[PDB]
>>> print(open('entry.cif').read())   # mmCIF, N, CA and C atoms
data_input
#
loop_
_atom_site.label_atom_id
_atom_site.label_comp_id
_atom_site.auth_asym_id
_atom_site.auth_seq_id
_atom_site.Cartn_x
_atom_site.Cartn_y
_atom_site.Cartn_z
N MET A 1 51.60 -83.68 -98.66
CA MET A 1 52.44 -83.51 -97.46
C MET A 1 52.00 -84.48 -96.37
N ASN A 2 50.71 -84.50 -96.09
CA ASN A 2 50.14 -85.39 -95.09
C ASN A 2 48.72 -85.77 -95.49
N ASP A 3 47.92 -84.75 -95.84
CA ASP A 3 46.59 -84.93 -96.45
C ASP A 3 45.59 -85.59 -95.50
N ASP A 4 46.05 -85.96 -94.31
CA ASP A 4 45.21 -86.62 -93.30
C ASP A 4 44.66 -87.94 -93.83
N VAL A 5 45.36 -88.53 -94.79
CA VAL A 5 44.97 -89.81 -95.34
C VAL A 5 45.97 -90.89 -94.89
N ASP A 6 45.55 -91.69 -93.93
CA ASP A 6 46.40 -92.75 -93.41
C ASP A 6 46.39 -93.94 -94.36
N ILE A 7 47.57 -94.29 -94.85
CA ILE A 7 47.70 -95.38 -95.81
C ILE A 7 47.56 -96.73 -95.11
N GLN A 8 46.38 -97.30 -95.20
CA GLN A 8 46.12 -98.64 -94.70
C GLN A 8 45.11 -99.32 -95.60
N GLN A 9 45.50 -100.43 -96.19
CA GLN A 9 44.63 -101.16 -97.09
C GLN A 9 44.01 -102.34 -96.36
N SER A 10 42.92 -102.06 -95.66
CA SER A 10 42.24 -103.07 -94.87
C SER A 10 40.80 -103.24 -95.36
N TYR A 11 40.13 -104.28 -94.89
CA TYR A 11 38.74 -104.52 -95.27
C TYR A 11 37.79 -103.80 -94.32
N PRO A 12 37.08 -102.78 -94.81
CA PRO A 12 36.08 -102.06 -94.03
C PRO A 12 34.93 -102.97 -93.62
N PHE A 13 34.69 -103.08 -92.32
CA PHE A 13 33.68 -104.00 -91.82
C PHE A 13 32.28 -103.55 -92.22
N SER A 14 31.46 -104.51 -92.60
CA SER A 14 30.08 -104.25 -92.95
C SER A 14 29.16 -104.77 -91.86
N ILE A 15 28.19 -103.96 -91.47
CA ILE A 15 27.23 -104.37 -90.47
C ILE A 15 25.88 -104.59 -91.11
N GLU A 16 25.44 -105.84 -91.12
CA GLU A 16 24.18 -106.21 -91.74
C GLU A 16 23.05 -106.02 -90.73
N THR A 17 22.21 -105.03 -90.98
CA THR A 17 21.08 -104.75 -90.11
C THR A 17 19.77 -105.11 -90.81
N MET A 18 18.84 -105.69 -90.08
CA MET A 18 17.54 -106.03 -90.65
C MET A 18 16.74 -104.76 -90.91
N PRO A 19 15.93 -104.74 -91.99
CA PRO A 19 15.08 -103.60 -92.32
C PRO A 19 14.14 -103.24 -91.18
N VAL A 20 14.40 -102.10 -90.56
CA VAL A 20 13.63 -101.65 -89.41
C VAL A 20 12.29 -101.07 -89.84
N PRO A 21 11.31 -101.02 -88.91
CA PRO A 21 10.00 -100.43 -89.18
C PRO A 21 10.11 -98.99 -89.67
N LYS A 22 9.38 -98.69 -90.73
CA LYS A 22 9.46 -97.39 -91.37
C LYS A 22 8.45 -96.43 -90.74
N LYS A 23 7.51 -96.98 -89.99
CA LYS A 23 6.60 -96.19 -89.19
C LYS A 23 6.58 -96.72 -87.76
N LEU A 24 6.69 -95.82 -86.80
CA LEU A 24 6.70 -96.20 -85.39
C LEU A 24 5.72 -95.35 -84.60
N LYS A 25 5.20 -95.91 -83.52
CA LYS A 25 4.28 -95.20 -82.65
C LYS A 25 4.92 -94.96 -81.29
N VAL A 26 4.29 -94.16 -80.45
CA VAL A 26 4.77 -93.95 -79.09
C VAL A 26 4.58 -95.22 -78.28
N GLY A 27 5.68 -95.82 -77.86
CA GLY A 27 5.62 -97.06 -77.12
C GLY A 27 6.02 -98.25 -77.99
N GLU A 28 6.13 -98.01 -79.28
CA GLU A 28 6.52 -99.06 -80.21
C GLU A 28 8.02 -99.30 -80.11
N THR A 29 8.43 -100.54 -80.25
CA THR A 29 9.84 -100.89 -80.12
C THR A 29 10.35 -101.58 -81.39
N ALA A 30 11.41 -101.02 -81.95
CA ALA A 30 12.04 -101.58 -83.14
C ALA A 30 13.18 -102.51 -82.75
N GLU A 31 13.10 -103.75 -83.21
CA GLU A 31 14.12 -104.75 -82.93
C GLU A 31 15.19 -104.68 -84.01
N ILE A 32 16.30 -104.04 -83.71
CA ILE A 32 17.34 -103.84 -84.69
C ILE A 32 18.39 -104.95 -84.59
N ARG A 33 18.26 -105.93 -85.46
CA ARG A 33 19.22 -107.02 -85.53
C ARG A 33 20.45 -106.59 -86.31
N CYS A 34 21.59 -106.58 -85.65
CA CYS A 34 22.83 -106.17 -86.28
C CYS A 34 23.84 -107.31 -86.26
N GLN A 35 24.45 -107.57 -87.40
CA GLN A 35 25.51 -108.57 -87.49
C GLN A 35 26.72 -107.95 -88.18
N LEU A 36 27.81 -107.81 -87.44
CA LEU A 36 29.01 -107.18 -87.95
C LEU A 36 29.92 -108.21 -88.63
N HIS A 37 30.12 -108.03 -89.93
CA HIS A 37 30.96 -108.94 -90.71
C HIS A 37 32.40 -108.46 -90.75
N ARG A 38 33.28 -109.23 -90.13
CA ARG A 38 34.71 -108.94 -90.17
C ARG A 38 35.48 -110.25 -90.06
N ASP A 39 36.25 -110.57 -91.09
CA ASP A 39 36.98 -111.82 -91.13
C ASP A 39 38.01 -111.89 -90.01
N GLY A 40 38.34 -113.10 -89.63
CA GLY A 40 39.16 -113.32 -88.47
C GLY A 40 38.35 -113.16 -87.21
N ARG A 41 38.44 -111.99 -86.60
CA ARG A 41 37.64 -111.65 -85.43
C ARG A 41 38.00 -110.25 -84.93
N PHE A 42 39.02 -110.18 -84.07
CA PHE A 42 39.50 -108.92 -83.51
C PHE A 42 40.60 -109.21 -82.50
N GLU A 43 41.36 -108.19 -82.14
CA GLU A 43 42.41 -108.34 -81.14
C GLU A 43 42.27 -107.24 -80.10
N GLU A 44 41.56 -107.56 -79.02
CA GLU A 44 41.19 -106.58 -78.00
C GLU A 44 40.50 -105.38 -78.64
N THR A 45 39.79 -105.65 -79.72
CA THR A 45 39.11 -104.63 -80.48
C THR A 45 37.68 -104.46 -79.98
N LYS A 46 37.45 -103.40 -79.22
CA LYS A 46 36.12 -103.09 -78.73
C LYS A 46 35.47 -102.07 -79.65
N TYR A 47 34.18 -102.23 -79.87
CA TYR A 47 33.43 -101.25 -80.64
C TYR A 47 32.71 -100.32 -79.68
N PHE A 48 32.66 -99.04 -80.03
CA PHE A 48 32.02 -98.05 -79.18
C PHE A 48 30.79 -97.49 -79.87
N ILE A 49 29.66 -97.58 -79.20
CA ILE A 49 28.40 -97.15 -79.77
C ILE A 49 27.92 -95.84 -79.14
N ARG A 50 27.58 -94.90 -80.00
CA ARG A 50 26.98 -93.64 -79.59
C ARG A 50 26.09 -93.14 -80.71
N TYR A 51 24.94 -92.59 -80.37
CA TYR A 51 24.01 -92.15 -81.39
C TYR A 51 23.48 -90.76 -81.08
N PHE A 52 23.27 -89.97 -82.11
CA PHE A 52 22.73 -88.64 -81.95
C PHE A 52 21.29 -88.62 -82.45
N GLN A 53 20.40 -88.06 -81.65
CA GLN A 53 19.00 -87.98 -82.03
C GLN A 53 18.54 -86.53 -82.12
N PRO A 54 18.42 -86.01 -83.36
CA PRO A 54 17.86 -84.68 -83.61
C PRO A 54 16.41 -84.59 -83.15
N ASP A 55 15.78 -85.75 -82.99
CA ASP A 55 14.43 -85.82 -82.45
C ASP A 55 14.41 -85.31 -81.02
N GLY A 56 14.94 -86.11 -80.12
CA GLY A 56 15.06 -85.69 -78.73
C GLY A 56 14.67 -86.78 -77.75
N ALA A 57 13.81 -87.69 -78.17
CA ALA A 57 13.36 -88.75 -77.28
C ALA A 57 13.54 -90.12 -77.91
N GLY A 58 13.29 -91.16 -77.12
CA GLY A 58 13.40 -92.51 -77.61
C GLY A 58 14.33 -93.34 -76.75
N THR A 59 13.84 -94.48 -76.28
CA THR A 59 14.63 -95.35 -75.43
C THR A 59 15.33 -96.43 -76.25
N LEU A 60 16.65 -96.35 -76.33
CA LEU A 60 17.41 -97.35 -77.05
C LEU A 60 18.15 -98.24 -76.07
N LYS A 61 17.75 -99.49 -76.00
CA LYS A 61 18.38 -100.44 -75.10
C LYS A 61 19.05 -101.55 -75.87
N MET A 62 20.18 -102.00 -75.37
CA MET A 62 20.89 -103.12 -75.95
C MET A 62 20.18 -104.42 -75.58
N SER A 63 20.37 -105.46 -76.37
CA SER A 63 19.75 -106.76 -76.12
C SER A 63 20.08 -107.27 -74.71
N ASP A 64 21.23 -106.86 -74.19
CA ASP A 64 21.68 -107.29 -72.87
C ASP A 64 21.05 -106.46 -71.76
N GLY A 65 20.16 -105.54 -72.13
CA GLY A 65 19.42 -104.77 -71.14
C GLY A 65 20.05 -103.42 -70.85
N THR A 66 21.20 -103.16 -71.46
CA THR A 66 21.92 -101.91 -71.25
C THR A 66 21.20 -100.74 -71.92
N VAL A 67 20.74 -99.79 -71.13
CA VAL A 67 20.11 -98.59 -71.66
C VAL A 67 21.18 -97.64 -72.20
N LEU A 68 21.02 -97.24 -73.45
CA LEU A 68 22.02 -96.41 -74.11
C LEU A 68 21.57 -94.96 -74.16
N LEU A 69 22.34 -94.09 -73.53
CA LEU A 69 22.08 -92.66 -73.58
C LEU A 69 22.86 -92.03 -74.74
N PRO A 70 22.20 -91.17 -75.53
CA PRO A 70 22.80 -90.55 -76.72
C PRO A 70 24.07 -89.76 -76.42
N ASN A 71 24.11 -89.14 -75.24
CA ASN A 71 25.24 -88.30 -74.85
C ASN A 71 26.37 -89.13 -74.23
N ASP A 72 26.10 -90.41 -73.99
CA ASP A 72 27.06 -91.28 -73.33
C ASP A 72 27.81 -92.12 -74.37
N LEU A 73 28.61 -93.07 -73.92
CA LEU A 73 29.39 -93.91 -74.82
C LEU A 73 29.57 -95.30 -74.22
N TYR A 74 29.04 -96.31 -74.89
CA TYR A 74 29.08 -97.67 -74.37
C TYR A 74 29.83 -98.59 -75.32
N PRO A 75 30.55 -99.58 -74.77
CA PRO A 75 31.23 -100.59 -75.57
C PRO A 75 30.28 -101.71 -75.99
N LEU A 76 30.44 -102.19 -77.21
CA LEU A 76 29.62 -103.30 -77.71
C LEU A 76 30.18 -104.63 -77.22
N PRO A 77 29.29 -105.61 -76.95
CA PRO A 77 29.68 -106.92 -76.44
C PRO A 77 30.26 -107.83 -77.52
N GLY A 78 30.14 -107.41 -78.78
CA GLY A 78 30.67 -108.20 -79.87
C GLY A 78 30.08 -107.82 -81.20
N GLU A 79 30.27 -108.69 -82.19
CA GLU A 79 29.80 -108.46 -83.55
C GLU A 79 28.31 -108.75 -83.65
N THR A 80 27.84 -109.70 -82.85
CA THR A 80 26.43 -110.04 -82.84
C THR A 80 25.71 -109.30 -81.71
N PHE A 81 25.06 -108.20 -82.06
CA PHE A 81 24.36 -107.40 -81.07
C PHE A 81 23.02 -106.94 -81.62
N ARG A 82 22.07 -106.71 -80.73
CA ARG A 82 20.75 -106.28 -81.13
C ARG A 82 20.34 -105.05 -80.33
N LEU A 83 19.63 -104.14 -80.98
CA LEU A 83 19.23 -102.89 -80.34
C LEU A 83 17.71 -102.77 -80.33
N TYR A 84 17.16 -102.49 -79.16
CA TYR A 84 15.72 -102.33 -79.02
C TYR A 84 15.38 -100.86 -78.82
N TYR A 85 14.87 -100.23 -79.87
CA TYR A 85 14.54 -98.82 -79.81
C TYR A 85 13.04 -98.60 -79.60
N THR A 86 12.70 -98.08 -78.44
CA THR A 86 11.32 -97.71 -78.15
C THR A 86 11.09 -96.24 -78.48
N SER A 87 10.34 -95.99 -79.55
CA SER A 87 10.05 -94.63 -79.97
C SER A 87 9.08 -93.96 -79.00
N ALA A 88 9.46 -92.80 -78.50
CA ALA A 88 8.67 -92.10 -77.50
C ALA A 88 8.26 -90.72 -77.98
N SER A 89 8.28 -90.53 -79.29
CA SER A 89 7.92 -89.25 -79.89
C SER A 89 6.86 -89.45 -80.97
N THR A 90 6.07 -88.41 -81.21
CA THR A 90 5.06 -88.44 -82.25
C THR A 90 5.56 -87.76 -83.52
N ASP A 91 6.85 -87.47 -83.55
CA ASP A 91 7.48 -86.82 -84.70
C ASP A 91 8.11 -87.86 -85.61
N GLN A 92 8.99 -87.39 -86.48
CA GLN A 92 9.84 -88.28 -87.25
C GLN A 92 11.06 -88.62 -86.41
N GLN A 93 11.20 -89.87 -86.02
CA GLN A 93 12.28 -90.25 -85.14
C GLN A 93 13.55 -90.43 -85.95
N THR A 94 14.49 -89.53 -85.76
CA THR A 94 15.72 -89.56 -86.50
C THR A 94 16.87 -89.95 -85.58
N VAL A 95 17.40 -91.14 -85.79
CA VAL A 95 18.47 -91.66 -84.95
C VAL A 95 19.70 -91.95 -85.79
N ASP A 96 20.73 -91.13 -85.61
CA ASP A 96 21.98 -91.32 -86.33
C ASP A 96 22.96 -92.07 -85.43
N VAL A 97 23.24 -93.31 -85.78
CA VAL A 97 24.03 -94.18 -84.92
C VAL A 97 25.47 -94.27 -85.41
N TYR A 98 26.41 -94.08 -84.50
CA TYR A 98 27.82 -94.15 -84.83
C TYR A 98 28.45 -95.36 -84.16
N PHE A 99 29.04 -96.22 -84.98
CA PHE A 99 29.80 -97.35 -84.48
C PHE A 99 31.28 -97.10 -84.72
N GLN A 100 32.03 -96.90 -83.65
CA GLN A 100 33.43 -96.55 -83.77
C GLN A 100 34.31 -97.76 -83.47
N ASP A 101 35.15 -98.10 -84.44
CA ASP A 101 36.05 -99.24 -84.32
C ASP A 101 37.39 -98.80 -83.73
N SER A 102 38.10 -99.76 -83.13
CA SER A 102 39.36 -99.48 -82.46
C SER A 102 40.46 -99.09 -83.47
N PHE A 103 40.33 -99.56 -84.71
CA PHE A 103 41.34 -99.27 -85.73
C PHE A 103 41.12 -97.89 -86.34
N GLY A 104 40.03 -97.24 -85.96
CA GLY A 104 39.80 -95.88 -86.38
C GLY A 104 38.76 -95.74 -87.46
N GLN A 105 38.08 -96.83 -87.80
CA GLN A 105 37.01 -96.77 -88.79
C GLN A 105 35.69 -96.44 -88.11
N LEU A 106 35.00 -95.43 -88.62
CA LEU A 106 33.72 -95.04 -88.07
C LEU A 106 32.60 -95.46 -89.02
N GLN A 107 31.66 -96.23 -88.50
CA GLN A 107 30.52 -96.69 -89.28
C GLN A 107 29.25 -96.01 -88.79
N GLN A 108 28.71 -95.11 -89.60
CA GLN A 108 27.51 -94.38 -89.21
C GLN A 108 26.29 -94.88 -89.97
N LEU A 109 25.21 -95.09 -89.23
CA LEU A 109 23.95 -95.52 -89.80
C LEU A 109 22.84 -94.58 -89.35
N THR A 110 22.33 -93.79 -90.27
CA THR A 110 21.28 -92.83 -89.95
C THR A 110 19.91 -93.43 -90.23
N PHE A 111 19.14 -93.65 -89.17
CA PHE A 111 17.83 -94.26 -89.30
C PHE A 111 16.72 -93.22 -89.16
N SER A 112 15.84 -93.17 -90.15
CA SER A 112 14.69 -92.30 -90.10
C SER A 112 13.43 -93.13 -89.86
N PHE A 113 12.87 -93.01 -88.67
CA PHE A 113 11.68 -93.75 -88.31
C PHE A 113 10.45 -92.87 -88.44
N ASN A 114 9.33 -93.48 -88.80
CA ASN A 114 8.05 -92.79 -88.93
C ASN A 114 8.10 -91.77 -90.07
N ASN A 115 8.37 -92.26 -91.27
CA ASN A 115 8.39 -91.41 -92.45
C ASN A 115 7.05 -91.54 -93.16
N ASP A 116 6.75 -90.62 -94.06
CA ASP A 116 5.49 -90.67 -94.77
C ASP A 116 5.66 -90.24 -96.22
N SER A 117 5.06 -91.00 -97.12
CA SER A 117 5.17 -90.74 -98.55
C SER A 117 3.95 -89.97 -99.06
N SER A 118 3.13 -89.50 -98.12
CA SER A 118 1.89 -88.80 -98.44
C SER A 118 0.88 -89.77 -99.07
N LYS A 119 -0.28 -89.25 -99.45
CA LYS A 119 -1.32 -90.06 -100.08
C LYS A 119 -1.80 -91.15 -99.12
N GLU A 120 -2.05 -90.74 -97.87
CA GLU A 120 -2.42 -91.65 -96.77
C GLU A 120 -3.44 -92.70 -97.21
N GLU A 121 -4.59 -92.25 -97.67
CA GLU A 121 -5.64 -93.16 -98.10
C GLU A 121 -5.76 -93.18 -99.62
N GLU A 122 -4.98 -92.33 -100.28
CA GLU A 122 -4.99 -92.25 -101.73
C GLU A 122 -4.39 -93.52 -102.34
N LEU A 123 -3.49 -94.16 -101.60
CA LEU A 123 -3.05 -95.50 -101.95
C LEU A 123 -4.15 -96.49 -101.57
N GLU A 124 -4.95 -96.88 -102.55
CA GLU A 124 -6.13 -97.68 -102.30
C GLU A 124 -5.81 -99.13 -101.95
N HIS A 125 -5.42 -99.33 -100.71
CA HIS A 125 -5.34 -100.65 -100.13
C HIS A 125 -6.44 -100.73 -99.08
N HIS A 126 -7.67 -100.68 -99.56
CA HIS A 126 -8.83 -100.46 -98.72
C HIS A 126 -9.18 -101.67 -97.87
N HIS A 127 -8.72 -102.84 -98.27
CA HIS A 127 -9.00 -104.05 -97.51
C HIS A 127 -8.12 -104.11 -96.28
N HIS A 128 -8.72 -103.85 -95.13
CA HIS A 128 -8.02 -103.95 -93.86
C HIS A 128 -8.30 -105.30 -93.22
N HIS A 129 -7.34 -105.81 -92.48
CA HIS A 129 -7.50 -107.12 -91.85
C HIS A 129 -7.48 -106.99 -90.33
N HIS A 130 -7.83 -108.07 -89.65
CA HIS A 130 -7.78 -108.11 -88.20
C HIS A 130 -6.45 -108.71 -87.75
#
>>> encode(input="entry.cif", output="structure tokens")
Amino acid sequence: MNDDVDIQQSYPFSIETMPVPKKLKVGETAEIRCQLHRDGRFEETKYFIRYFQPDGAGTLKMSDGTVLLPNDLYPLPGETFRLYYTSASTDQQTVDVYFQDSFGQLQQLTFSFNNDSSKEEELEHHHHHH
């Protein structure tokens, strides 16, 4: 009848992000390089960024200096954007980022910072460097 499935055969944009630090400290800042791949370009197409943090803390600033609040909603300056996340928690920093496109495509990237595979010293990489 309707199925809530809008018939549009378009190319879903891919955002290439650099592998972020898997462990973070309080005061540590992750440089999230993001490159949005979309052929052509856009037509007054603004992207809207908002992220939910089950953690509770963490300063996420845009490369342009714009401080991003999780409860707020900011427009992206383009396809080439970078995010500087300063982790301010001693927990597992869980940041679920939503990139909303004007055409109605939602791109969510859930980042888990400061994870642990256990076996802290059991992984014998005993040679530490300066």
>>> atom_distance(input="entry.cif", atom1="atom C of residue 50 (chain A)", atom2="CA of residue 103 (chain A)")
17.2 Å
>>> resolve_selection(input="entry.cif", expression="the PyMOL selection byres ((chain A and resi 114) around 5)", output="list in words")
residues 22, 23, 24, 92, 93, 112, 113, 115 and 116 of chain A
>>> closest_residue(input="entry.cif", among="A:15, A:95, A:26, A:106", to="residue 55 (chain A)", atoms="all atoms listed in the file")
A:95
>>> residues_around(input="entry.cif", residues="region 83-87 of chain A", least_positions_apart="6", cutoff="8 Å", atoms="only C-alpha atoms", output="MDAnalysis selection string")
chainID A and resid 24:34 57:63 93
>>> write_last_selection(input="entry.cif", atoms="N, CA and C atoms", output="PDB file, in the frame of the given file")
ATOM      1  N   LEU A  24       6.690 -95.820 -86.800  1.00  0.00           N
ATOM      2  CA  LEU A  24       6.700 -96.200 -85.390  1.00  0.00           C
ATOM      3  C   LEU A  24       5.720 -95.350 -84.600  1.00  0.00           C
ATOM      4  N   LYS A  25       5.200 -95.910 -83.520  1.00  0.00           N
ATOM      5  CA  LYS A  25       4.280 -95.200 -82.650  1.00  0.00           C
ATOM      6  C   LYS A  25       4.920 -94.960 -81.290  1.00  0.00           C
ATOM      7  N   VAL A  26       4.290 -94.160 -80.450  1.00  0.00           N
ATOM      8  CA  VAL A  26       4.770 -93.950 -79.090  1.00  0.00           C
ATOM      9  C   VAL A  26       4.580 -95.220 -78.280  1.00  0.00           C
ATOM     10  N   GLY A  27       5.680 -95.820 -77.860  1.00  0.00           N
ATOM     11  CA  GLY A  27       5.620 -97.060 -77.120  1.00  0.00           C
ATOM     12  C   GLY A  27       6.020 -98.250 -77.990  1.00  0.00           C
ATOM     13  N   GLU A  28       6.130 -98.010 -79.280  1.00  0.00           N
ATOM     14  CA  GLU A  28       6.520 -99.060 -80.210  1.00  0.00           C
ATOM     15  C   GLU A  28       8.020 -99.300 -80.110  1.00  0.00           C
ATOM     16  N   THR A  29       8.430-100.540 -80.250  1.00  0.00           N
ATOM     17  CA  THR A  29       9.840-100.890 -80.120  1.00  0.00           C
ATOM     18  C   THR A  29      10.350-101.580 -81.390  1.00  0.00           C
ATOM     19  N   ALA A  30      11.410-101.020 -81.950  1.00  0.00           N
ATOM     20  CA  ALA A  30      12.040-101.580 -83.140  1.00  0.00           C
ATOM     21  C   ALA A  30      13.180-102.510 -82.750  1.00  0.00           C
ATOM     22  N   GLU A  31      13.100-103.750 -83.210  1.00  0.00           N
ATOM     23  CA  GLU A  31      14.120-104.750 -82.930  1.00  0.00           C
ATOM     24  C   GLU A  31      15.190-104.680 -84.010  1.00  0.00           C
ATOM     25  N   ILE A  32      16.300-104.040 -83.710  1.00  0.00           N
ATOM     26  CA  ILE A  32      17.340-103.840 -84.690  1.00  0.00           C
ATOM     27  C   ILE A  32      18.390-104.950 -84.590  1.00  0.00           C
ATOM     28  N   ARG A  33      18.260-105.930 -85.460  1.00  0.00           N
ATOM     29  CA  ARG A  33      19.220-107.020 -85.530  1.00  0.00           C
ATOM     30  C   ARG A  33      20.450-106.590 -86.310  1.00  0.00           C
ATOM     31  N   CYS A  34      21.590-106.580 -85.650  1.00  0.00           N
ATOM     32  CA  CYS A  34      22.830-106.170 -86.280  1.00  0.00           C
ATOM     33  C   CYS A  34      23.840-107.310 -86.260  1.00  0.00           C
ATOM     34  N   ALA A  57      13.810 -87.690 -78.170  1.00  0.00           N
ATOM     35  CA  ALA A  57      13.360 -88.750 -77.280  1.00  0.00           C
ATOM     36  C   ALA A  57      13.540 -90.120 -77.910  1.00  0.00           C
ATOM     37  N   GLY A  58      13.290 -91.160 -77.120  1.00  0.00           N
ATOM     38  CA  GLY A  58      13.400 -92.510 -77.610  1.00  0.00           C
ATOM     39  C   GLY A  58      14.330 -93.340 -76.750  1.00  0.00           C
ATOM     40  N   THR A  59      13.840 -94.480 -76.280  1.00  0.00           N
ATOM     41  CA  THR A  59      14.630 -95.350 -75.430  1.00  0.00           C
ATOM     42  C   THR A  59      15.330 -96.430 -76.250  1.00  0.00           C
ATOM     43  N   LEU A  60      16.650 -96.350 -76.330  1.00  0.00           N
ATOM     44  CA  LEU A  60      17.410 -97.350 -77.050  1.00  0.00           C
ATOM     45  C   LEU A  60      18.150 -98.240 -76.070  1.00  0.00           C
ATOM     46  N   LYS A  61      17.750 -99.490 -76.000  1.00  0.00           N
ATOM     47  CA  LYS A  61      18.380-100.440 -75.100  1.00  0.00           C
ATOM     48  C   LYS A  61      19.050-101.550 -75.870  1.00  0.00           C
ATOM     49  N   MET A  62      20.180-102.000 -75.370  1.00  0.00           N
ATOM     50  CA  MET A  62      20.890-103.120 -75.950  1.00  0.00           C
ATOM     51  C   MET A  62      20.180-104.420 -75.580  1.00  0.00           C
ATOM     52  N   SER A  63      20.370-105.460 -76.370  1.00  0.00           N
ATOM     53  CA  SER A  63      19.750-106.760 -76.120  1.00  0.00           C
ATOM     54  C   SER A  63      20.080-107.270 -74.710  1.00  0.00           C
ATOM     55  N   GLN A  93      11.200 -89.870 -86.020  1.00  0.00           N
ATOM     56  CA  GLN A  93      12.280 -90.250 -85.140  1.00  0.00           C
ATOM     57  C   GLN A  93      13.550 -90.430 -85.950  1.00  0.00           C
TER      58      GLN A  93
END
>>> closest_residue(input="entry.cif", among="A:76, A:5, A:18, A:97", to="residue 45 (chain A)", atoms="only C-alpha atoms")
A:76
>>> select_by_dssp(input="entry.cif", residues="chain A", states="strand (DSSP E or B)", output="ChimeraX atom specification")
/A:14-17,29-37,48-52,59-62,67-68,74-75,80-86,93-100,106-113
>>> closest_residue(input="entry.cif", among="A:88, A:6, A:43, A:49", to="residue 71 (chain A)", atoms="only C-alpha atoms")
A:49
>>> resolve_selection(input="entry.cif", expression="the PyMOL selection byres ((chain A and resi 52) around 6)", output="list in words")
residues 50, 51, 53, 54, 70, 94, 95, 96, 97 and 98 of chain A
>>> closest_residue(input="entry.cif", among="A:64, A:125, A:56, A:13", to="residue 39 (chain A)", atoms="only N, CA and C atoms")
A:13
>>> closest_residue(input="entry.cif", among="A:12, A:77, A:65, A:104", to="residue 38 (chain A)", atoms="all atoms listed in the file")
A:12
>>> atom_distance(input="entry.cif", atom1="atom C of residue 46 (chain A)", atom2="CA of residue 102 (chain A)")
5.5 Å
>>> atom_distance(input="entry.cif", atom1="CA of residue 72 (chain A)", atom2="CA of residue 89 (chain A)")
20.3 Å
>>> resolve_selection(input="entry.cif", expression="the PyMOL selection byres ((chain A and resi 35) around 6)", output="PyMOL selection string")
chain A and resi 14-17+33-34+36-37+79-81
>>> axis_aligned_box(input="entry.cif", around="region 111-114 of chain A", padding_each_side="4 Å", output="lines of an AutoDock Vina configuration file")
center_x = 13.6
center_y = -93.0
center_z = -89.2
size_x = 19.1
size_y = 10.5
size_z = 9.8
>>> closest_residue(input="entry.cif", among="A:21, A:100, A:129, A:82", to="residue 66 (chain A)", atoms="only C-alpha atoms")
A:82
>>> decode(input="entry.cif", residues="region 8-18 of chain A", atoms="N, CA, C and O atoms", output="CSV table (one decimal), in the first residue's frame")
chain,number,residue,atom,x,y,z
A,8,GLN,N,13.4,5.5,-4.8
A,8,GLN,CA,14.4,6.3,-5.4
A,8,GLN,C,15.7,5.5,-5.5
A,8,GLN,O,16.2,5.0,-4.5
A,9,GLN,N,16.2,5.4,-6.7
A,9,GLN,CA,17.4,4.6,-7.0
A,9,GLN,C,18.6,5.6,-7.2
A,9,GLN,O,18.9,6.0,-8.3
A,10,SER,N,19.1,6.0,-6.0
A,10,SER,CA,20.2,6.9,-6.0
A,10,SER,C,21.5,6.2,-5.4
A,10,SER,O,21.4,5.2,-4.8
A,11,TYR,N,22.6,6.9,-5.5
A,11,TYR,CA,23.8,6.4,-4.9
A,11,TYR,C,24.0,6.9,-3.5
A,11,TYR,O,24.2,8.1,-3.3
A,12,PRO,N,23.9,6.0,-2.5
A,12,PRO,CA,24.1,6.3,-1.1
A,12,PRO,C,25.6,6.8,-0.9
A,12,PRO,O,26.5,6.1,-1.1
A,13,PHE,N,25.7,8.0,-0.3
A,13,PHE,CA,27.0,8.6,-0.1
A,13,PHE,C,27.8,7.8,0.9
A,13,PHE,O,27.3,7.4,2.0
A,14,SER,N,29.1,7.6,0.7
A,14,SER,CA,30.0,7.0,1.6
A,14,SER,C,30.9,8.0,2.2
A,14,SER,O,31.5,8.8,1.5
A,15,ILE,N,31.1,7.9,3.5
A,15,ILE,CA,32.0,8.8,4.2
A,15,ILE,C,33.2,8.1,4.7
A,15,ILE,O,33.1,7.2,5.5
A,16,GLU,N,34.4,8.4,4.1
A,16,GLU,CA,35.6,7.7,4.4
A,16,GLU,C,36.2,8.4,5.6
A,16,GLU,O,36.7,9.5,5.5
A,17,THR,N,36.3,7.7,6.8
A,17,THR,CA,36.8,8.2,8.0
A,17,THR,C,38.1,7.5,8.3
A,17,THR,O,38.2,6.2,8.1
A,18,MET,N,39.1,8.2,8.8
A,18,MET,CA,40.4,7.5,9.2
A,18,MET,C,40.2,6.7,10.5
A,18,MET,O,39.4,7.1,11.3
